[PDB]
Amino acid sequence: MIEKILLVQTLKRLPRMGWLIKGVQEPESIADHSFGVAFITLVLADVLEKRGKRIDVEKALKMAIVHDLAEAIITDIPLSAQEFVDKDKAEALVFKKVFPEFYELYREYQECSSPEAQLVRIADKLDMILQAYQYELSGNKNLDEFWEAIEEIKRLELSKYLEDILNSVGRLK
């Protein structure tokens, strides 16, 4: 339906708030980010494929495309604000009322248990670490917490199959 699409297209206009709070001049939109997660999810899926780890690619890509979809209505409430706002409670609600067809993908994603759910989570973090890397090259000097994003990925089983990649990333540091 046209009304749903027009709604999700608001993501092209919504900024990724963390960057603004860090003084990043023209930050990427939530949609730019979502594209990045989707692409990294695709690329990583192939790597996992040829390393013996089988992944339900379809589910993965759908999960990457829809993972931040609730923000089309509640916006990318930054982590710094989440000490005062329950963004999680809000997301579930929106998915249950506005995006019921995607609530299963959302629910599984939050659980971060399945191979697909962990992949998207890793793609989410990599797009960010690497986006931070870019903004650093642009001159921003307060993109400080990366050893804890890298470390957050390391805490996921699925990372075991990607250690060499995550090593190249931390090497950009």
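Numbers follow the displayed sequence, beginning with 1.
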Comparing average C-alpha B factors as deposited, tell me which of 59-67 and 143-151 sits higher. 143-151
Using only C-alpha atoms and the B-factors in the entry, which stretch averages higher, 8-16 or 155-163? 155-163
Note to self: of 127, 32, 136, 111, the C-alpha temperature factor tops out at 111
Taking the values exactly as deposited, rank residue 45 by C-alpha B-factor within its chain and report the matching third: lowest, middle or highest. middle
Can you tell me whether residue 116 has a C-alpha B-factor in the lowest, middle or highest third compared with the other modelled residues of the same chain? middle
